[PDB]
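Colleague: So the sequence lines, in the order shown, correspond to chains A and B. Residues in the first sequence are numbered from 2 upward in steps of one, following the deposited numbering. Residues in the second sequence are numbered from 2 upward in steps of one, following the deposited numbering. In this text, a Cβ means the ideal position worked out from N, Cα and C, and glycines have one as well. The following block contains the structure, expressed as structure tokens.
2 protein chains.
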Amino acid sequence: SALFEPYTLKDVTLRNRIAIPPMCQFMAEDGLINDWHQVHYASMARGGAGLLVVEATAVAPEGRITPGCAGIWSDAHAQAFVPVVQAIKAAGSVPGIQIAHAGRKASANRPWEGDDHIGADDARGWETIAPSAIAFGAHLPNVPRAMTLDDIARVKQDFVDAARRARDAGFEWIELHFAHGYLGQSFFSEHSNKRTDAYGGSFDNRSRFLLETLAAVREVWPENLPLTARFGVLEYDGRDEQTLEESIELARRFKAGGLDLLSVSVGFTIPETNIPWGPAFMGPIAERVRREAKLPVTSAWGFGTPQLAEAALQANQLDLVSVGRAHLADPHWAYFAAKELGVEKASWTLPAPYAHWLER
Amino acid sequence: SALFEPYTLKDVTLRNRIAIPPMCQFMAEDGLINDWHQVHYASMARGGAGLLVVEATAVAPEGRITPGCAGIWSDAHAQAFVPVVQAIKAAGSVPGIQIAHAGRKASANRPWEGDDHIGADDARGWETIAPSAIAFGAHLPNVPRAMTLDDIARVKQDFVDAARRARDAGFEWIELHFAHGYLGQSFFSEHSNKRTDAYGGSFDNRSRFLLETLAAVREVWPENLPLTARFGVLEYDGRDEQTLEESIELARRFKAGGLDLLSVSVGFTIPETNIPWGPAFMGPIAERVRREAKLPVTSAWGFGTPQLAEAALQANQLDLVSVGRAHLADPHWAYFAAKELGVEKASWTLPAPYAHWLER
Ligand SMILES: Cc1cc2nc3c(=O)[nH]c(=O)nc-3n(C[C@H](O)[C@H](O)[C@H](O)COP(=O)(O)O)c2cc1C
Ligand SMILES: Cc1cc2nc3c(=O)[nH]c(=O)nc-3n(C[C@H](O)[C@H](O)[C@H](O)COP(=O)(O)O)c2cc1C
Ligand SMILES: COCCOC(=O)/C(=N\O)C(C)=O
Ligand SMILES: COCCOC(=O)/C(=N\O)C(C)=O
Ligand SMILES: COCCOC(=O)/C(=N\O)C(C)=O
Ligand SMILES: COCCOC(=O)/C(=N\O)C(C)=O
Ligand SMILES: COCCOC(=O)/C(=N\O)C(C)=O
Ligand SMILES: COCCOC(=O)/C(=N\O)C(C)=O
């Protein structure tokens, strides 16, 4: 089975092609993770996935999505991740982390607590920042503060500091969150970037914040550990052909800047879209990015059955299959997939105290 | 769905009828549990089961089955369970513990490390004790030492001390391990008990160790928390009708002695048996014990599908359905069962950071 072939990138070898993508838990307090995360991540890692990318972790307090988001903006925040890193490793999985800045989507309620921008009378809210003073709209009406050149320098340094902290905590895989309408995505998109300086307008200018952040992180992230990013390559906004061509060109420049793998996603930059949700719908798009930018890729959003994941790998559409929600349903999903795909000794996808008994 | 109706026993209310029965992990060192158990138990409790009975925990070092078995023979051992108790309660499940003494089946290798008695030349092993100096046979050939009267007094006090510690550590449910051919079961069975003193021979004498241990534990275990036991009520040894009749009579004496619920199992006292393994095969036996001894019961050994579990409850064969191996496969099995049985808001069997997304 292709899903259960190992994968080597730089000095890191994953035991299979199942990746757990970053999934916010909204359970942190003042950015500090706790026993929710410790058990959540350790259990999924024991489930058998080869790579576990920890949830969007804010590089600065105002870069959290919600008051429940994890942060890594101080050394104390980074030290809190050390037992998560070590528990993922102890399970035989590879610990990764997505470092993030929510941009204009920040200062929002948890999804089961309204999912909307926090009210200005609520003591939990904060001022958001973005390329331009333009609101997402819909359930996120708060207008962000337009960043100055000094803000751009500071946020870039925050990504650098976060990458250095993640390195020292023992993460072996880093993902820059340039997707999903948060800060990085919003610099790239003409929907949200109306700037008239070096960081808006042309393709080079809109790419500049993302390329400069990648280059600054590259200075401190080890050359022998995978340096990756998540990027929304189209919006389903009626501009898909031109947007995908530009996004693929940016992927070429990411590769020239030392990126090892691209997590291919959807932009979610504005609400006025028509995303064609369906099983493995990102397959053909990820395949095109992979082939045209000549870069390894993963994707998500509907690959969460064993046969769909296997098919995407056999078709060379993906190098790793990211399986998110199925691992919330079943933290041992990788074992379930090994059983369904007829892997020999499938129960030994799990550690011995489970594997021995599920073999019979 | 009967499976998702709450259950109240003494002052304890379980949110559904799904119980996770004790399942040895063989991962402790010198009796002390560790990060294996912490994540293992916390993840299963978050999965939605109403009651989680922690694995067979030895009341004395020689009462471990293996060198990997958990123990509670000192206050330091008991304090190590506190974070497990806390994590089970934090998930909304009820923490229980099975306290145990392996008797003549002690000093054995882990199941994936030979599953047999440790050799006499192997320094990891220890002398075993039992009612009589007679081996189980087969893969457990070691002849135990016949217990002295002082041994009997000491082991009873060890059960008391273990129950006292479990109480003070915050367990809300206790299970005396009188099943599966270990010490207590071997006092009851004529196969293993050849004693000629007050603890062997007659039905009263063979019952004596179990009744005296129950009474001694009853003195330190709170009135308002369920006091339960696991007991093998037949062997499938060709003596089933007579053995079941005597076992039900003992269950009546357990009830008179304050037992609140009986976990009905098979004796496993000797290897020369013909156990008719199959789906829900214990259903009719558990029902007969429940009805004739007028005690609430649980059972296991093949109820691990949602429909089999639901059927056993609707037929009033069980009060709680114990689902073991399916929870090793999927720690969120209770959520899987809620979906299959069409429970409304089935995803909210899980905590919010999962439930919100699995509801869609
Ligand atoms: C609860 C939850 C949290 C998520 N958090 C993140 C995140 O922090 N960063 C990110 O890039 N994507 C995040 N996502 C998107 C997922 O990584 C993934 O793309 C999505 O769940 C689709 O894959 P799936 O169909 O296998 O679930 C999250 C998704 C969910 C359901
Ligand atoms: C790994 C494992 C450990 C077990 N440990 C115990 C134990 O410590 N005490 C006990 O009474 N039964 C123990 N059992 C038996 C189970 O509690 C249960 O009766 C058995 O797994 C059958 O239920 P199931 O079909 O739902 O798995 C264990 C079973 C397994 C597979
Ligand atoms: C305390 O155990 C942490 C996780 O340990 C495992 O998952 C494991 N075996 O149990 C291996 C070899 O990976
Ligand atoms: C509608 O938004 C979908 C894309 O955004 C995400 O997946 C995400 N973080 O990247 C979270 C926390 O939801
Ligand atoms: C399926 O694993 C093979 C044997 O499993 C069992 O029957 C069992 N518990 O379920 C024990 C403790 O022996
Ligand atoms: C509200 O979620 C219900 C599940 O319980 C928890 O939250 C939890 N552990 O279970 C911790 C340590 O946060
Ligand atoms: C073949 O024996 C089955 C009955 O014994 C058990 O289930 C048990 N403990 O009670 C363990 C640890 O296996
Ligand atoms: C989860 O079921 C509802 C659909 O929501 C999503 O697709 C999603 N992630 O999978 C996010 C972050 O919005």
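Mind checking the segment 146-158 of chain A against chain B and listing, in chain order, the residues whose C-beta falls within less than 9 angstroms of any C-beta there?
Modeller: Answer in chain order: no residues at all.
Colleague: Counting only runs of 4+ residues fully inside the segment 170-230 of chain A, write out the alpha helix (DSSP H) ranges in chain order.
Modeller: Listed in chain order, the complete alpha helix (DSSP H) runs (minimum 4 residues) inside the segment 170-230 of chain A are 184-189 and 204-221.
Colleague: For a contact defined as C-beta to C-beta under 8 angstroms, what are the partners of residue 333 of chain B on chain A?
Modeller: Numbered from 1 along the second sequence, position 332 holds the residue referred to as residue 333 of chain B. The answer, in chain order, is 330, 331 and 332.
Colleague: Answer with buried or exposed for residue 127 of chain A, where buried requires no fewer than 16 other C-beta atoms within 10 angstroms of its C-beta.
Modeller: In the first sequence, residue 127 of chain A corresponds to position 126, counting from 1. The residue in question, residue 127 of chain A, is exposed, as its Cβ has fewer than 16 Cβ neighbours within 10 Å.
Colleague: Taking 7 angstroms as the cut-off, is the C-beta of residue 68 of chain A nearer than that to any heavy atom in ligand 1?
Modeller: On the first sequence, residue 68 of chain A is found 67 positions in, with the first residue counted as 1. No, Cβ of residue 68 of chain A sits at least 7 angstroms from all heavy atoms of ligand 1.
Colleague: Which residues of chain A have a Cβ atom closer than 7 angstroms to the Cβ of residue 28 of chain B, listed in chain order?
Modeller: Along the second sequence, read from residue 1 onward, the residue named residue 28 of chain B stands at position 27. Those within 7 angstroms of residue 28 of chain B in chain A are 354.
Colleague: Does ligand 1 have a heavy atom nearer than 7 angstroms to the CB of residue 333 of chain B?
Modeller: Your numbering for residue 333 of chain B matches position 332 in the second sequence. False, no ligand heavy atom lies under 7 angstroms from that Cβ.
Colleague: Please go through the same chain and pick out, in chain order, the residues whose beta-carbon is closer than 8 angstroms to the beta-carbon of residue 349 of chain A, but skip the five residues on each side of it.
Modeller: Looking up residue 349 of chain A in the first sequence gives position 348. Excluding positions up to five away in sequence, the list reads 356 and 360.
Colleague: Using a Cβ-Cβ distance under 8 angstroms, would residue 278 of chain A count as near chain B?
Modeller: To locate residue 278 of chain A, count along the first sequence from 1; it is residue 277. Not an interface residue.
Colleague: Give the C-beta separation of residue 159 of chain A and residue 61 of chain A to the nearest angstrom, bearing in mind that I take them to be a contact with Cβ-Cβ under 8 angstroms.
Modeller: The residue given as residue 159 of chain A occupies position 158 in the first sequence. The residue given as residue 61 of chain A occupies position 60 in the first sequence. The Cβ separation is near 5 angstroms, so the contact holds.
Colleague: Given that a residue counts as buried once 16 or more other Cβ atoms are within 10 Å of its Cβ, and exposed if not, what is residue 30 of chain B?
Modeller: As a working note, residue 30 of chain B is residue 29 in the second sequence. Residue 30 of chain B comes out exposed.
Colleague: By the criterion of Cβ-Cβ separation under 8 angstroms, what are the contact partners of residue 359 of chain A in chain B?
Modeller: Counted from its first residue, the first sequence places residue 359 of chain A at position 358. Going along chain B in sequence order, the residues near residue 359 of chain A (Cβ under 8 angstroms) are 326, 329 and 330.
Colleague: Cutting at 7 angstroms between CB atoms, please list the residues of its own chain near residue 165 of chain A, excluding the five before and the five after it.
Modeller: Locating residue 165 of chain A in the first sequence gives position 164, counting from the first residue. Only 221 meet the Cβ criterion.
Colleague: Measuring CA to CA, which of B:124, B:171, B:308 and B:27 is closest to residue 227 of chain B?
Modeller: Counting from one through the second sequence, the residue named residue 227 of chain B turns up at place 226. For the residues B:124, B:171, B:308 and B:27, the minimum Cα distance to residue 227 of chain B belongs to B:171.
Colleague: Give the residues of chain B in contact with residue 40 of chain A, contact being defined as C-beta atoms less than 8 angstroms apart.
Modeller: Walking along the first sequence from the start, residue 40 of chain A turns up at place 39. In chain order: 39, 40, 43, 44, 47 and 88.
Colleague: Can you name the residues that DSSP bridges to residue 271 of chain A?
Modeller: Here residue 271 of chain A is taken as the residue at index 270 of the first sequence, counted from 1. BP columns for residue 271 of chain A are empty, so no partner.
Colleague: Against chain A, which members of the segment 214-241 of chain B pass a CB distance test of less than 8 angstroms?
Modeller: Against chain A - using a Cβ distance shorter than 8 angstroms - the segment 214-241 of chain B contributes no residues.
Colleague: What in chain A is Cβ-close to residue 96 of chain B, meaning under 8 angstroms?
Modeller: Residue 96 of chain B sits at position 95 when you count from the first residue of the second sequence. Chain A residues near residue 96 of chain B: none, gap ~15 angstroms exceeds 8 angstroms.
Colleague: Is any beta-carbon of chain A found at less than 8 angstroms from that of residue 205 of chain B?
Modeller: Walking along the second sequence from the start, residue 205 of chain B turns up at place 204. Taking Cβ atoms only, chain A never reaches closer than 8 angstroms to residue 205 of chain B, which makes this a no.
Colleague: Look at residue 19 of chain A and residue 46 of chain A and say whether their C-beta atoms are less than 8 angstroms apart.
Modeller: Here residue 19 of chain A corresponds to residue number 18 of the first sequence, with the count starting at 1. Here residue 46 of chain A corresponds to residue number 45 of the first sequence, with the count starting at 1. No, the Cβ-Cβ distance between residue 19 of chain A and residue 46 of chain A is not below 8 angstroms.
Colleague: With 7 angstroms as the limit, tell me which residues of the segment 284-314 of chain B have their beta carbon closer than that to any beta carbon of chain A; keep them in chain order.
Modeller: Flagged: no residues at all.
Colleague: Short of 6 angstroms in beta carbon distance, which residues of its chain neighbour residue 43 of chain B, apart from the five on each side in sequence? Order them along the chain.
Modeller: Position 42 of the second sequence, counting from 1, holds the residue named residue 43 of chain B. If we look at residue 43 of chain B and ignore the five residues flanking it on each side, its Cβ neighbours are 88.
Colleague: Can the beta-carbon of residue 216 of chain B be found less than 8 angstroms from the beta-carbon of residue 258 of chain B?
Modeller: Within the second sequence, residue 216 of chain B is the residue found at index 215, counting from 1. Within the second sequence, residue 258 of chain B is the residue found at index 257, counting from 1. Closer than 8 angstroms, so yes.
Colleague: Taking the DSSP output, what are the residues bridged to residue 96 of chain B?
Modeller: For the purposes of this step, residue 96 of chain B is taken as residue 95 along the second sequence, with counting starting at 1. Looking at the DSSP assignment, residue 96 of chain B forms a beta bridge with B:53.
Colleague: With the cut-off set at 8 angstroms, would you say residue 296 of chain B and residue 262 of chain B are in Cβ contact?
Modeller: The sequence position of residue 296 of chain B within the second sequence is 295, counting from 1. The sequence position of residue 262 of chain B within the second sequence is 261, counting from 1. Contact flag set, yes.
Colleague: Of all the CB atoms in chain A, is at least one closer than 8 angstroms to the CB of residue 200 of chain B?
Modeller: Here residue 200 of chain B refers to the residue found at position 199 when the second sequence is read from its first residue. Cβ-Cβ to chain A under 8 angstroms: no for residue 200 of chain B.
Colleague: Closer than 5 angstroms is what we want: which residues have a beta carbon that near any heavy atom of ligand 3? List them in chain order.
Modeller: Working through the chain, the matches are A:47, A:91, A:92, A:93, A:352, B:36 and B:37.
Colleague: If you measure from the CB of residue 326 of chain B, is any heavy atom of ligand 5 nearer than 7 angstroms?
Modeller: If you number the second sequence from 1, residue 326 of chain B lands on position 325. Indeed, a heavy atom of ligand 5 lies less than 7 angstroms from the Cβ.
Colleague: Measuring alpha carbon to alpha carbon, tell me which of B:270, B:255 and B:136 ends up nearest residue 209 of chain B.
Modeller: The sequence position of residue 209 of chain B within the second sequence is 208, counting from 1. Taking only the C-alpha atoms, the option nearest residue 209 of chain B is B:255.
Colleague: Is the beta carbon of residue 55 of chain B less than 8 angstroms from the beta carbon of residue 85 of chain B?
Modeller: By one-based count along the second sequence, residue 55 of chain B stands at place 54. By one-based count along the second sequence, residue 85 of chain B stands at place 84. Taking 8 angstroms as the Cβ cut-off, residue 55 of chain B and residue 85 of chain B qualify as a contacting pair.
Colleague: So is residue 8 of chain B in contact with chain A if we call contact Cβ pairs under 8 angstroms?
Modeller: Here residue 8 of chain B corresponds to residue number 7 of the second sequence, with the count starting at 1. No, residue 8 of chain B does not count as interfacial toward chain A.
Colleague: Could you check which residue in B:59, B:243 and B:219 has the C-alpha nearest to that of residue 183 of chain B?
Modeller: Translated into the one-based positions of the second sequence, residue 183 of chain B becomes position 182. The shortest Cα separation from residue 183 of chain B among B:59, B:243 and B:219 belongs to B:59.
Colleague: Flag residue 112 of chain B as yes if its beta-carbon sits less than 8 angstroms from any beta-carbon of chain A, otherwise no.
Modeller: Start at 1 with the first residue of the second sequence, and residue 112 of chain B comes out as number 111. Output row for residue 112 of chain B: interface = yes.
Colleague: Taking only beta-carbon atoms, is residue 36 of chain A less than 8 angstroms away from chain B?
Modeller: Here residue 36 of chain A corresponds to residue number 35 of the first sequence, with the count starting at 1. Yes, residue 36 of chain A lies at the interface with chain B (some Cβ there is under 8 angstroms from its Cβ).
Colleague: Looking at residue 252 of chain B and residue 290 of chain B, is the spacing between their C-beta atoms short of 8 angstroms?
Modeller: Counted from its first residue, the second sequence places residue 290 of chain B at position 289. Counted from its first residue, the second sequence places residue 252 of chain B at position 251. Cβ distance < 8 angstroms, so residue 290 of chain B and residue 252 of chain B count as in contact.
Colleague: Report the residue from A:181, A:176, A:188 and A:109 whose alpha carbon sits nearest the alpha carbon of residue 147 of chain A.
Modeller: Along the first sequence, read from residue 1 onward, the residue named residue 147 of chain A stands at position 146. Looking at the Cα atoms, A:188 is the closest of the given residues.
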